[PDB]
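A short write-up of the structure that comes next.
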Amino acid sequence: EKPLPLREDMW
Amino acid sequence: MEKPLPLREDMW
Amino acid sequence: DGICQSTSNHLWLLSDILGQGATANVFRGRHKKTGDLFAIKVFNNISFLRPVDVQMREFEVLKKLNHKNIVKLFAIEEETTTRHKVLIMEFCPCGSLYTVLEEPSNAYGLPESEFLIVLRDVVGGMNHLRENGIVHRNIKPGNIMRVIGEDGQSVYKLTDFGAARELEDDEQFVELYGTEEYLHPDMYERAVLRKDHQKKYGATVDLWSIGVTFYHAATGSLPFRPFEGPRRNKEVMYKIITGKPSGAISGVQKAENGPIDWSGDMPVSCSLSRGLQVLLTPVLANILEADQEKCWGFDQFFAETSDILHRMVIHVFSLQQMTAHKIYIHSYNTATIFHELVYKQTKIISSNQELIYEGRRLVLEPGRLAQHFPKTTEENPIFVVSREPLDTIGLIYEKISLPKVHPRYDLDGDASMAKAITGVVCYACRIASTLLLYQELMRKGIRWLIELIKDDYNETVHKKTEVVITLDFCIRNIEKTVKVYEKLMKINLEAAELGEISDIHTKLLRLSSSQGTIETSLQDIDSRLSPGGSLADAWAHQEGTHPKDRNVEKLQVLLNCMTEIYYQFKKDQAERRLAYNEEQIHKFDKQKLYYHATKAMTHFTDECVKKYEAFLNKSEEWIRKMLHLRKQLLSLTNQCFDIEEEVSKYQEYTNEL
Amino acid sequence: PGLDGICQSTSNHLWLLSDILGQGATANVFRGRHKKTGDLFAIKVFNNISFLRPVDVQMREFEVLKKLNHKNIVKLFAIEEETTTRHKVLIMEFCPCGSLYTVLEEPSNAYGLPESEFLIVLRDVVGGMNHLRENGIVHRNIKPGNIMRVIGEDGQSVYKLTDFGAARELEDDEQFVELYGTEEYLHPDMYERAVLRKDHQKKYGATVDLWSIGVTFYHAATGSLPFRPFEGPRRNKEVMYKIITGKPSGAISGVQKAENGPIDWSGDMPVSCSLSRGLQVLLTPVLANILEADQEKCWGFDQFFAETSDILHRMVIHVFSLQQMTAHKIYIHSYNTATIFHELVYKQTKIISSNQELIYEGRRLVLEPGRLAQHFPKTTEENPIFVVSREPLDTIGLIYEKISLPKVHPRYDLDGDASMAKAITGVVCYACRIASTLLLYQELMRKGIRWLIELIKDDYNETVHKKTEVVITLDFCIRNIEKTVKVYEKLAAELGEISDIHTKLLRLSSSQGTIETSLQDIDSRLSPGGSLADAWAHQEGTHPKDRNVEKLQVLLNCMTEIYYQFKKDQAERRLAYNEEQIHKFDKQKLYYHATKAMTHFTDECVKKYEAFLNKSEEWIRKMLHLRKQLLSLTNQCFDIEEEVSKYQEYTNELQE
Ligand SMILES: O=C(NCCCNc1nc(Nc2cccc(NC(=O)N3CCCC3)c2)ncc1I)c1cccs1
Ligand SMILES: O=C(NCCCNc1nc(Nc2cccc(NC(=O)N3CCCC3)c2)ncc1I)c1cccs1
């Protein structure tokens, strides 16, 4: 468990 | 064919 | 350049660009919430200068396509900032077919194993296209994606439908898209030269796109080559793409403005088996047809290709010729059909073919199906031998030498040279690998054949000594009577004629020296069949290369070094400038490339080729030695049925008082 | 010269400080190039603590190593000075393929190294060690991270020793006092004086290397260290010492399975080991004597060398026991006769040489008792020599270790995830290894049963070829010879000769009739439809067309690549935000692939193998029973041909 989703501004 | 020259420490 | 774009559910980095086109770019993106990667196709700012009628052409085409061999269009979302429609489709990491054909390993053709996979997937997808009514007129190796199946076997898929249209089976367009080398002539004419005349095309262009692709994947070369490269000479390229005579699959120009060499055959450099080339070249010569009259239809093409894909392979090795063969045969064919296939490839008739397999003969009845044959591989094939003489052919490769290294320090000029100079050594490695198998299969079959002449010799002794006893006591059955024919009576001073049983004694005894001379004749056979005889394979373990020599492994080690330089020089030719030390290393490693290529090409012709030819000569003299001995052993074998059928009718007269 | 932070140089070589190969307390090693040529070398520069071990006694060591030239020693070309620092620098031959440690860190070798490569390691390590002893240099520091690996001209790897960091010049017998090495591969004497700051008057010999060589060999043979104190051996500094000191004679491995509990002492290889049973019985005793703690029962080098030389000088003949479904590698000498070959088959399969029947490439194999093993038929593993007896044998199959996946820890841990991906990928590697072995065993059983059935047809045809010879004599040389001239006395003449022999003629002739009755039954049982049929063989078990091992390899490559990424993800102690979530997603992807592979391994490869194993076992019964029955008929034929061989000897009297 506990996976966070990706984000745009962090790339 | 003899274009290669010795490597030099100042280009690195 | 860490800029990025995103939709509602996917995001990608502009630097992570997979492919590129004039109409759109293709990026490696990920699903924001799952992490799984997809290929994202965003359309550039210039694709919105096309009419809205035409900027939907690829959208409705990829909609009605869901099939393996077609790159799965997963979804279609809108980008965040620009609101541009983008295509989320499956990501094939292994690159395109062109990515594969650029490997120096496949510089002279794909391995025959992979070619049948490319054949299978291209037809399956192209069929699904015409089945759903789409003519994608830009079929090229850079367009055919490769993805690894669940079983390691490659699975190829189609994409880049930017050149598509809603085509009906008898409709034709008047528009223009594609890439040069793999496009139909009557589309090359209008697209390259902007010259249009007297023809429109639909559902026939793709057959040409496929056929040119297949020839490239088979020979490692494009089928229609004008001199000075295919970059210019488009007037010459069109002179070849249209003036080509029907039934010739390749048109190459040797000289500058010289002749146009036509050929209906595969080059010797091709990797595919001869059993396949005879099935393949008809398909190429009939879809490489400009006009619609002498051309094949989709109906005839898909039927003929499926006939190849629905066959099985039986590996047969000619021992008298030292030639391997692949027999492409349906599973529902019979054994007498199998013999016909072998005759067409070895020119030895059906009545002459003895089948040796795993140290045994092979019971070959005509009423047996192909799928019930013994399972064969190339290393464990069905051997075939003939009692009549055959020319020892051997392997027929193409003698290829290294190209000339150029002294001009050129970034892309060395990269183009590194590709070819590695490909030449790559071909020699594949040949030396086959030469090894040809020698090792020789040793395997000869040993099995020698064991079969011993079964032929031991079988007669079990019969001859079985009639030597039928005649041993048949001659005393009337000798114990002729002994008393005159023991109780008249004096038996000498042998004279006595009755009907006096000629059945003086002529039957003649079968004791006429047969006694056979028992001594078999000894000369058993002597030459013995370890010390004139038929021993003492030379087989003495001549030619051996697998323990590791010649192929030595070549491969040199090739790895050549390949590492080539893969490096392509990184170098990207961004065509080098620092000082980097430039010198490139110049140094350029010379090491020639050193490894020379060492390899020397070891090939001096160790593998020389000893293979030495082995092919010490085996040419043994073929005659064996075929002559079989002629003598059979003549002695037939005498034991002429001696034993004679002691059969006279056996009745000797059972009396 | 360079810009002080990016590169150093000598008069003849130069190197980037970023192309760093290895670090050490005395020196560092870089990937450099000869100035005038561009060719690559490994450059070792002694910065600090080069003055810790004396300079002259270490410099004289370098000049004598500069003359050293051997296959298994990393060549020391020249010894120079750095341009500005004037530190001493050694130019050495560069080994791009890394060390043996890098090879043992692969998941493919998480258990035994492949037997082929292990023999290479054993050959080279012994070869290099012998070269040092013959030149009087003590290593005292050999470990996997120390044995370099290069690829020879023939593609076979060549291992080369280096980093003689604990080295000086030694005779055959004298005294020492030093401390250098890494903890795991250390002799028990040095483990106290280098780990637990405690000294004693205990002495050494040529043996301090022999222990390190022993631990190194066991590691390459099994993928694990031979002495593990419950947790990692690097943490239990005390319990690790208690194990090697009280190591019982003969034991080669001690593992504490429960905390502060007993230590399980084993004297043979683990089942997980990849090496053949034929080699294990040869390697185990070598490992035993060199892993002896005290110098009283240790081996010494002269014995250790000649012993491993025997293992290396042997060749291998491949043999597959058809009734036991077991493959075997036979380590025999080239000069060894054919008789001793049967001995080695006995010790492994419990088949005495009297009932050792050999099939090879479709036919029986005749064994001249004096034929040399260097002229036996060449045998691959897929082309072995099959051995069968007419005596019953337990059908064993392959004995592998049932290794299930570790529990994947859910916490996000850069170190834990990387160390866990290593083990779980290694488990799928061991599973894929076995999956390939199972398919080979099944395909060899098919190749053997097909040959043996064709062989019994030869034995059948041999006896029916004999029956047609005694009946052509019994019915003709006796029934006709006697009926005409002997049963017509009406007076030697009419004695027990006419009564007993005429009856025995009809005794043998009538009983021979029912011999044909039992002969056609045997022909029917090994005809297409009979009880002895290849049918089940082509039906049960996995097949090459199934492509189970390829399917497992596809999954394994995704796991392998995820592990290699987690290795680099561990290089940073902290991951960027989006990278953290990819690592979190790929961690679940890593465990998904593993369970998917283990499912297909157990449900597909294992099951159909074990199903094939049973239908094999039941066929051995019906096979061995038919051969015993055909034999009984074969001996009746010779018996009848013997009884008639003397009745005809009196039919040739002919005096009446
Ligand atoms: O012509 C075109 N695209 C050629 C292929 C790009 N298309 C796709 N690629 C992948 N994955 C992938 C991964 C690694 C390498 C590659 N291939 C290349 O790098 N190549 C191939 C030809 C020369 C350079 C592809 N997934 C989906 C697609 I859609 C196009 C022009 C406009 C759209 S597409
Ligand atoms: O640590 C040390 N020596 C171990 C090797 C370094 N020395 C040499 N290396 C190479 N070629 C090479 C190529 C690729 C990688 C590597 N390195 C590894 O694979 N490593 C590093 C430690 C364990 C895993 C080496 N040639 C010659 C030598 I001399 C030393 C510390 C102080 C002296 S030596």
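Identifiers for the structure tokens are assigned positionally: chains receive A, B, ... in sequence, residues are indexed from 1 per chain, and ligands are indexed from 1 in the order shown.
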
Environment of ligand 1 within 8 Å, counting only C-alpha atoms and all ligand atoms, reported as a PyMOL selection string: chain C and resi 18-28+38-41+71+89-99+141-145+159-162

With 7 Å as the limit and counting only C-alpha atoms, what residues in chain C lie close to chain D? Please list them as a ChimeraX atom specification. /C:35,150-152,358-360,466,473,550,553-554,557,585,588,657

Once you count only C-alpha atoms and all ligand atoms, which residues end up within 10 Å of ligand 2, and could you hand them over as a compact mmCIF listing (two decimals) with C-alpha atoms, in the first residue's frame?
# COMPACT_ATOMS: atom_id res chain seq x y z
CA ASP D 19 36.41 7.50 -13.63
CA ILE D 20 37.07 5.95 -10.22
CA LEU D 21 37.20 2.14 -10.07
CA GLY D 22 37.96 1.36 -6.43
CA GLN D 23 38.83 3.00 -3.13
CA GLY D 24 41.06 1.91 -0.27
CA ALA D 25 42.78 3.02 2.90
CA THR D 26 46.17 3.34 1.16
CA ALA D 27 45.17 4.21 -2.40
CA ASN D 28 42.44 4.72 -4.99
CA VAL D 29 42.14 3.23 -8.47
CA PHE D 30 41.00 5.12 -11.58
CA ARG D 31 40.22 4.36 -15.22
CA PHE D 41 44.79 1.12 -17.90
CA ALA D 42 43.85 1.02 -14.24
CA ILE D 43 45.76 3.71 -12.33
CA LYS D 44 46.43 3.22 -8.61
CA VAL D 45 47.58 6.36 -6.76
CA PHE D 46 48.77 6.18 -3.14
CA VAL D 74 46.87 -8.50 -12.93
CA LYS D 75 49.89 -7.25 -14.85
CA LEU D 76 51.85 -4.39 -13.28
CA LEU D 90 51.09 2.07 -10.49
CA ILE D 91 49.90 1.47 -14.05
CA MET D 92 48.04 -1.85 -14.23
CA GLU D 93 45.99 -3.75 -16.80
CA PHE D 94 42.34 -2.70 -16.84
CA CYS D 95 39.68 -5.39 -16.30
CA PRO D 96 36.42 -3.89 -17.61
CA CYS D 97 34.19 -6.79 -16.48
CA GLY D 98 34.74 -5.94 -12.81
CA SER D 99 35.46 -8.29 -9.95
CA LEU D 100 34.16 -11.71 -8.96
CA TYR D 101 32.10 -9.87 -6.33
CA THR D 102 30.12 -8.09 -9.05
CA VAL D 103 29.40 -11.50 -10.58
CA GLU D 105 25.96 -9.85 -6.74
CA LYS D 143 38.20 -12.00 -1.38
CA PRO D 144 35.57 -11.88 -4.15
CA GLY D 145 35.78 -8.07 -4.38
CA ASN D 146 39.45 -8.69 -5.11
CA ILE D 147 39.52 -11.29 -7.93
CA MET D 148 39.25 -9.48 -11.25
CA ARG D 149 37.54 -10.93 -14.32
CA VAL D 150 38.46 -10.42 -17.98
CA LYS D 160 43.19 -12.46 -12.27
CA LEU D 161 44.36 -11.82 -8.71
CA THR D 162 45.30 -8.34 -7.44
CA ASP D 163 45.29 -6.03 -4.41
CA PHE D 164 48.01 -7.84 -2.49
CA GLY D 165 47.41 -5.22 0.21

Pull out every residue of chain C that has at least one atom within 10 Å of chain A, counting only C-alpha atoms, and report them as a PDB file with N, CA and C atoms, in the first residue's frame.
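Printed below is part.pdb as written:
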ATOM      1  N   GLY C   2      13.611  20.759 -18.480  1.00  0.00           N
ATOM      2  CA  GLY C   2      12.697  19.929 -17.720  1.00  0.00           C
ATOM      3  C   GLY C   2      11.247  20.330 -17.888  1.00  0.00           C
ATOM      4  N   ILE C   3      10.907  20.869 -19.057  1.00  0.00           N
ATOM      5  CA  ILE C   3       9.529  21.250 -19.333  1.00  0.00           C
ATOM      6  C   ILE C   3       8.693  20.000 -19.590  1.00  0.00           C
ATOM      7  N   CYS C   4       7.391  20.119 -19.341  1.00  0.00           N
ATOM      8  CA  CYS C   4       6.502  18.972 -19.434  1.00  0.00           C
ATOM      9  C   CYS C   4       5.117  19.425 -19.867  1.00  0.00           C
ATOM     10  N   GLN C   5       4.325  18.454 -20.317  1.00  0.00           N
ATOM     11  CA  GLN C   5       2.919  18.650 -20.620  1.00  0.00           C
ATOM     12  C   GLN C   5       2.119  17.566 -19.914  1.00  0.00           C
ATOM     13  N   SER C   6       0.814  17.790 -19.794  1.00  0.00           N
ATOM     14  CA  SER C   6      -0.021  16.820 -19.105  1.00  0.00           C
ATOM     15  C   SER C   6      -1.456  16.952 -19.586  1.00  0.00           C
ATOM     16  N   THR C   7      -2.204  15.862 -19.446  1.00  0.00           N
ATOM     17  CA  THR C   7      -3.642  15.849 -19.618  1.00  0.00           C
ATOM     18  C   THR C   7      -4.287  15.684 -18.241  1.00  0.00           C
ATOM     19  N   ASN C   9      -5.030  12.833 -16.905  1.00  0.00           N
ATOM     20  CA  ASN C   9      -4.572  11.597 -16.287  1.00  0.00           C
ATOM     21  C   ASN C   9      -3.146  11.191 -16.636  1.00  0.00           C
ATOM     22  N   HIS C  10      -2.524  11.790 -17.647  1.00  0.00           N
ATOM     23  CA  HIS C  10      -1.161  11.450 -18.028  1.00  0.00           C
ATOM     24  C   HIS C  10      -0.282  12.694 -18.007  1.00  0.00           C
ATOM     25  N   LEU C  11       1.023  12.471 -17.854  1.00  0.00           N
ATOM     26  CA  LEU C  11       2.008  13.536 -17.980  1.00  0.00           C
ATOM     27  C   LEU C  11       3.271  12.956 -18.596  1.00  0.00           C
ATOM     28  N   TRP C  12       4.020  13.813 -19.285  1.00  0.00           N
ATOM     29  CA  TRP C  12       5.219  13.392 -19.989  1.00  0.00           C
ATOM     30  C   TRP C  12       6.200  14.553 -20.028  1.00  0.00           C
ATOM     31  N   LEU C  13       7.473  14.216 -20.197  1.00  0.00           N
ATOM     32  CA  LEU C  13       8.536  15.202 -20.321  1.00  0.00           C
ATOM     33  C   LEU C  13       8.859  15.422 -21.792  1.00  0.00           C
ATOM     34  N   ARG C  30       3.523   8.803 -18.537  1.00  0.00           N
ATOM     35  CA  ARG C  30       3.057   7.904 -17.492  1.00  0.00           C
ATOM     36  C   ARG C  30       1.649   8.295 -17.071  1.00  0.00           C
ATOM     37  N   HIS C  31       0.925   7.321 -16.529  1.00  0.00           N
ATOM     38  CA  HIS C  31      -0.357   7.596 -15.897  1.00  0.00           C
ATOM     39  C   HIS C  31      -0.107   8.185 -14.514  1.00  0.00           C
ATOM     40  N   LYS C  32      -0.724   9.339 -14.242  1.00  0.00           N
ATOM     41  CA  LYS C  32      -0.426  10.085 -13.020  1.00  0.00           C
ATOM     42  C   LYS C  32      -0.685   9.263 -11.763  1.00  0.00           C
ATOM     43  N   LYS C  33      -1.654   8.345 -11.806  1.00  0.00           N
ATOM     44  CA  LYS C  33      -2.071   7.611 -10.620  1.00  0.00           C
ATOM     45  C   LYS C  33      -1.609   6.161 -10.584  1.00  0.00           C
ATOM     46  N   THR C  34      -1.277   5.561 -11.731  1.00  0.00           N
ATOM     47  CA  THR C  34      -0.826   4.177 -11.770  1.00  0.00           C
ATOM     48  C   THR C  34       0.675   4.024 -11.980  1.00  0.00           C
ATOM     49  N   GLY C  35       1.342   5.022 -12.565  1.00  0.00           N
ATOM     50  CA  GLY C  35       2.747   4.923 -12.888  1.00  0.00           C
ATOM     51  C   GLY C  35       3.059   4.210 -14.186  1.00  0.00           C
TER      52      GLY C  35
END

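Pairwise distance (atom CA of residue C:342, atom CA of residue C:286) equals 25.8 Å.
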
Would you tabulate, counting only C-alpha atoms, all residues of chain B that have an atom at most 7 Å from an atom of chain C, showing the closest pair of atoms and their distance in Å to one decimal, sorted by chain then ascending number, as JSON lines?
{"residue": "B:1", "atom": "CA", "partner": "C:407", "partner_atom": "CA", "distance": 5.2}
{"residue": "B:3", "atom": "CA", "partner": "C:587", "partner_atom": "CA", "distance": 6.7}
{"residue": "B:4", "atom": "CA", "partner": "C:584", "partner_atom": "CA", "distance": 5.0}
{"residue": "B:5", "atom": "CA", "partner": "C:584", "partner_atom": "CA", "distance": 5.9}
{"residue": "B:7", "atom": "CA", "partner": "C:581", "partner_atom": "CA", "distance": 5.4}
{"residue": "B:8", "atom": "CA", "partner": "C:581", "partner_atom": "CA", "distance": 6.8}
{"residue": "B:11", "atom": "CA", "partner": "C:580", "partner_atom": "CA", "distance": 6.4}

Chain D residues near chain B (9 Å cut-off, only C-alpha atoms) as a ChimeraX atom specification: /D:1-3,6-9,13-16,33-38

Find the spatial neighbours of residue D:345, counting only C-alpha atoms, within a cut-off of 12 Å - ignore same-chain residues fewer than 3 positions away - and output them as an mmCIF file with N, CA, C and O atoms, in the first residue's frame.
data_model
loop_
_atom_site.group_PDB
_atom_site.id
_atom_site.type_symbol
_atom_site.label_atom_id
_atom_site.label_comp_id
_atom_site.auth_asym_id
_atom_site.auth_seq_id
_atom_site.Cartn_x
_atom_site.Cartn_y
_atom_site.Cartn_z
ATOM 1 N N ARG D 277 26.153 -33.266 -8.536
ATOM 2 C CA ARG D 277 26.479 -34.241 -7.502
ATOM 3 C C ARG D 277 27.850 -34.858 -7.741
ATOM 4 O O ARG D 277 28.551 -35.209 -6.785
ATOM 5 N N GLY D 278 28.252 -34.993 -9.006
ATOM 6 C CA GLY D 278 29.568 -35.540 -9.294
ATOM 7 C C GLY D 278 30.690 -34.656 -8.788
ATOM 8 O O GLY D 278 31.698 -35.145 -8.274
ATOM 9 N N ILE D 317 32.100 -36.968 -18.609
ATOM 10 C CA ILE D 317 31.229 -37.745 -19.480
ATOM 11 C C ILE D 317 29.820 -37.656 -18.912
ATOM 12 O O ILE D 317 29.610 -37.909 -17.720
ATOM 13 N N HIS D 318 28.861 -37.275 -19.753
ATOM 14 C CA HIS D 318 27.487 -37.062 -19.313
ATOM 15 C C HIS D 318 26.691 -38.358 -19.392
ATOM 16 O O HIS D 318 26.723 -39.057 -20.410
ATOM 17 N N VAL D 319 25.970 -38.665 -18.316
ATOM 18 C CA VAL D 319 25.247 -39.922 -18.163
ATOM 19 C C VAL D 319 23.905 -39.631 -17.504
ATOM 20 O O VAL D 319 23.847 -38.928 -16.490
ATOM 21 N N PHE D 320 22.829 -40.162 -18.082
ATOM 22 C CA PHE D 320 21.477 -39.974 -17.569
ATOM 23 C C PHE D 320 20.889 -41.333 -17.213
ATOM 24 O O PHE D 320 20.801 -42.219 -18.071
ATOM 25 N N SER D 321 20.494 -41.493 -15.950
ATOM 26 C CA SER D 321 19.871 -42.726 -15.477
ATOM 27 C C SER D 321 18.404 -42.726 -15.883
ATOM 28 O O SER D 321 17.608 -41.940 -15.359
ATOM 29 N N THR D 326 17.452 -39.145 -13.444
ATOM 30 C CA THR D 326 18.481 -38.321 -12.824
ATOM 31 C C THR D 326 19.628 -38.140 -13.803
ATOM 32 O O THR D 326 20.060 -39.107 -14.439
ATOM 33 N N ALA D 327 20.118 -36.907 -13.923
ATOM 34 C CA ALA D 327 21.288 -36.622 -14.739
ATOM 35 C C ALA D 327 22.543 -36.680 -13.878
ATOM 36 O O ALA D 327 22.498 -36.451 -12.666
ATOM 37 N N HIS D 328 23.669 -36.994 -14.513
ATOM 38 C CA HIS D 328 24.906 -37.186 -13.773
ATOM 39 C C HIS D 328 26.091 -36.711 -14.597
ATOM 40 O O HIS D 328 26.161 -36.960 -15.804
ATOM 41 N N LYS D 329 27.016 -36.025 -13.933
ATOM 42 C CA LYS D 329 28.291 -35.646 -14.519
ATOM 43 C C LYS D 329 29.376 -36.514 -13.900
ATOM 44 O O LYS D 329 29.457 -36.629 -12.672
ATOM 45 N N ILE D 330 30.186 -37.137 -14.751
ATOM 46 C CA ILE D 330 31.161 -38.139 -14.339
ATOM 47 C C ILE D 330 32.552 -37.554 -14.546
ATOM 48 O O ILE D 330 33.011 -37.406 -15.685
ATOM 49 N N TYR D 331 33.226 -37.224 -13.443
ATOM 50 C CA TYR D 331 34.552 -36.606 -13.482
ATOM 51 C C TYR D 331 35.601 -37.707 -13.554
ATOM 52 O O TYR D 331 36.039 -38.248 -12.538
ATOM 53 N N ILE D 332 36.016 -38.029 -14.776
ATOM 54 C CA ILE D 332 36.955 -39.113 -15.030
ATOM 55 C C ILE D 332 38.204 -38.538 -15.687
ATOM 56 O O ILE D 332 38.159 -37.489 -16.335
ATOM 57 N N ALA D 338 38.192 -47.789 -19.271
ATOM 58 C CA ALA D 338 36.737 -47.883 -19.274
ATOM 59 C C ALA D 338 36.196 -48.549 -18.015
ATOM 60 O O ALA D 338 35.031 -48.333 -17.668
ATOM 61 N N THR D 339 37.014 -49.350 -17.328
ATOM 62 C CA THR D 339 36.546 -50.047 -16.133
ATOM 63 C C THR D 339 36.209 -49.065 -15.017
ATOM 64 O O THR D 339 35.166 -49.181 -14.363
ATOM 65 N N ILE D 340 37.081 -48.080 -14.788
ATOM 66 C CA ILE D 340 36.857 -47.128 -13.704
ATOM 67 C C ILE D 340 35.657 -46.233 -14.002
ATOM 68 O O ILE D 340 35.020 -45.709 -13.080
ATOM 69 N N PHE D 341 35.320 -46.051 -15.283
ATOM 70 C CA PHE D 341 34.107 -45.318 -15.633
ATOM 71 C C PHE D 341 32.885 -45.933 -14.961
ATOM 72 O O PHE D 341 32.040 -45.224 -14.403
ATOM 73 N N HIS D 342 32.780 -47.264 -15.010
ATOM 74 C CA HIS D 342 31.646 -47.941 -14.390
ATOM 75 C C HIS D 342 31.645 -47.748 -12.878
ATOM 76 O O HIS D 342 30.577 -47.669 -12.257
ATOM 77 N N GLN D 348 27.312 -43.147 -7.881
ATOM 78 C CA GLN D 348 26.290 -42.115 -8.012
ATOM 79 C C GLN D 348 24.888 -42.670 -8.229
ATOM 80 O O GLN D 348 23.916 -42.047 -7.788
ATOM 81 N N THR D 349 24.751 -43.823 -8.888
ATOM 82 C CA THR D 349 23.446 -44.388 -9.206
ATOM 83 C C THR D 349 23.183 -45.742 -8.561
ATOM 84 O O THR D 349 22.079 -46.277 -8.718
ATOM 85 N N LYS D 350 24.160 -46.313 -7.851
ATOM 86 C CA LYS D 350 24.015 -47.611 -7.184
ATOM 87 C C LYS D 350 23.712 -48.727 -8.184
ATOM 88 O O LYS D 350 22.972 -49.666 -7.889
ATOM 89 N N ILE D 351 24.292 -48.623 -9.377
ATOM 90 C CA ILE D 351 24.158 -49.632 -10.420
ATOM 91 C C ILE D 351 25.529 -50.267 -10.606
ATOM 92 O O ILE D 351 26.446 -49.633 -11.144
ATOM 93 N N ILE D 352 25.678 -51.518 -10.165
ATOM 94 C CA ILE D 352 26.951 -52.195 -10.355
ATOM 95 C C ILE D 352 27.188 -52.406 -11.849
ATOM 96 O O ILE D 352 26.255 -52.445 -12.661
ATOM 97 N N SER D 353 28.464 -52.537 -12.211
ATOM 98 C CA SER D 353 28.847 -52.591 -13.616
ATOM 99 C C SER D 353 28.347 -53.839 -14.330
ATOM 100 O O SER D 353 28.407 -53.887 -15.564
ATOM 101 N N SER D 354 27.858 -54.842 -13.597
ATOM 102 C CA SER D 354 27.349 -56.042 -14.250
ATOM 103 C C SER D 354 25.996 -55.793 -14.905
ATOM 104 O O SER D 354 25.687 -56.404 -15.933
ATOM 105 N N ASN D 355 25.186 -54.901 -14.339
ATOM 106 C CA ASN D 355 23.891 -54.533 -14.900
ATOM 107 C C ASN D 355 23.875 -53.078 -15.364
ATOM 108 O O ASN D 355 22.880 -52.370 -15.210
ATOM 109 N N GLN D 356 24.986 -52.619 -15.935
ATOM 110 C CA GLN D 356 25.072 -51.289 -16.537
ATOM 111 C C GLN D 356 24.974 -51.446 -18.049
ATOM 112 O O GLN D 356 25.945 -51.822 -18.711
ATOM 113 N N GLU D 357 23.797 -51.152 -18.594
ATOM 114 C CA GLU D 357 23.562 -51.178 -20.030
ATOM 115 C C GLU D 357 23.593 -49.748 -20.552
ATOM 116 O O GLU D 357 22.938 -48.864 -19.988
ATOM 117 N N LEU D 358 24.353 -49.521 -21.621
ATOM 118 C CA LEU D 358 24.636 -48.177 -22.109
ATOM 119 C C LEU D 358 24.044 -47.987 -23.498
ATOM 120 O O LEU D 358 24.329 -48.769 -24.412
ATOM 121 N N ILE D 385 24.961 -40.270 -22.213
ATOM 122 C CA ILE D 385 24.908 -41.721 -22.330
ATOM 123 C C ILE D 385 23.863 -42.223 -21.346
ATOM 124 O O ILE D 385 23.967 -41.976 -20.140
ATOM 125 N N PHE D 386 22.847 -42.910 -21.857
ATOM 126 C CA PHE D 386 21.782 -43.440 -21.018
ATOM 127 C C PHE D 386 22.215 -44.756 -20.386
ATOM 128 O O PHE D 386 22.852 -45.590 -21.036
ATOM 129 N N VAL D 387 21.873 -44.935 -19.112
ATOM 130 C CA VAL D 387 22.189 -46.152 -18.376
ATOM 131 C C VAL D 387 20.887 -46.763 -17.874
ATOM 132 O O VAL D 387 20.043 -46.062 -17.303
ATOM 133 N N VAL D 388 20.717 -48.062 -18.116
ATOM 134 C CA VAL D 388 19.566 -48.813 -17.635
ATOM 135 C C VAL D 388 20.054 -50.150 -17.106
ATOM 136 O O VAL D 388 21.075 -50.682 -17.552
#

Between atom CA of residue D:229 and atom CA of residue D:300, what is the distance in Å, rounded to a tenth?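 Interatomic distance here is 28.0 Å.
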
For residue C:298, find every residue with an atom within 10 Å (counting only C-alpha atoms), except residues of its own chain fewer than 5 positions away, and show them as a ChimeraX atom specification. /C:126-127,130,169,203-204,206-207,287,303-304
